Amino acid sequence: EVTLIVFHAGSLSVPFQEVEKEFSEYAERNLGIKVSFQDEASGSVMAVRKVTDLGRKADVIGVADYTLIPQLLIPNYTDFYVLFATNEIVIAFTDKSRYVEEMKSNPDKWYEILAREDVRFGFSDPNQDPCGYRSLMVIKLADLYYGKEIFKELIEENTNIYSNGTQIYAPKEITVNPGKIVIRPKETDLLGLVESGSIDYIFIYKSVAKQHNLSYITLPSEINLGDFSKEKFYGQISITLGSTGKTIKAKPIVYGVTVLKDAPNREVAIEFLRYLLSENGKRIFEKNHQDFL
């Protein structure tokens, strides 16, 4: 009997749950072992810091931005990573969202709608979650793409987050105007808020919006981080986190996964990884609206 310890990005919750469920069956039939899981979801930065700062043991680490593995875990905790999936940022909402009809009919004016006094939006804490820092990157890239001071109007005037040129800085302790913004530790924490209508719009991954049946509008490929051909435009922007003190450049979204060198159940963890990368894993992710790399 083995229990694999898995720390992973909040956006990986739905597909990972299914991959784990299928792997347990696979392991019993082909490995003669009973595999259980101690699965913990959190923003990817937090997932990594559980190991690097809290001294916790783990077998598998799955992150929404592969960058975090070589940046924070190599070579001290592991010596490899596997790039395996992608995504894009969208703006999600529901029938209870203010100006929902206008957002759907004029998606190219999303930033004007979010700037209206009565509209509230949300994103996750950039210090703990890639979706959060990517949301800020998207808004800053909007400045460049549209030629307007959108970041100033939506973020700087409503929070203590700021930007020096193309460099965004997330203070370790972020404060926000509750009349306009709600922030949470990870993006999936925002789902209940937008579904209840308490917040009108949230910046979140397309895969997660679809997994939860949320309506959404797509953003320009120049700013949504899901188009690999737009790497140079994305690269104009970067962010520095107060949690790690390190900088991450805006780039196409690529998920990464690794198994710790000292994983308590190394061999079974590697088997889990190969199952995830197999046609079975691919099938599961596609069924759940997320494409493999």
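Residue numbers here begin at 1 and follow the sequence given.
A.B. asks: Higher mean Cα B-factor in the deposited model: 196-204 or 159-167?
C.D. replies: Mean B over CA atoms: larger for 159-167.
A.B. asks: Test of understanding: from the entry's C-alpha B-factors, which stretch has the higher mean, 56-64 or 233-241?
C.D. replies: Here the higher of the two C-alpha B-factor means belongs to 233-241.
A.B. asks: In this PDB entry, which of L225, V51, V45, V257 has the top CA B-factor?
C.D. replies: Spelled out: the listed residue with the top C-alpha B-factor is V51.
A.B. asks: Ranking every modelled residue in this chain by its Cα temperature factor as given in the entry, which third contains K172?
C.D. replies: Ranked within chain, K172 CA B lands in the highest tercile.
A.B. asks: Is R134 in the lowest, middle or highest third of its chain when residues are ranked by C-alpha B-factor?
C.D. replies: Bottom third by C-alpha B-factor.
A.B. asks: Pull the Cα B-factor of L4 out of the PDB entry and bin it into the chain's lowest, middle or highest third.
C.D. replies: As the PDB entry reports it, the C-alpha B-factor of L4 lands in the middle third of its chain.
A.B. asks: Lowest, middle or highest third: where is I253 by C-alpha B factor in its chain?
C.D. replies: Tercile = lowest for this residue's CA B-factor.
A.B. asks: Which third, lowest, middle or highest, does the C-alpha temperature factor of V182 belong to within its own chain?
C.D. replies: Middle third - that is where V182 ends up once the chain's C-alpha B-factors are sorted.
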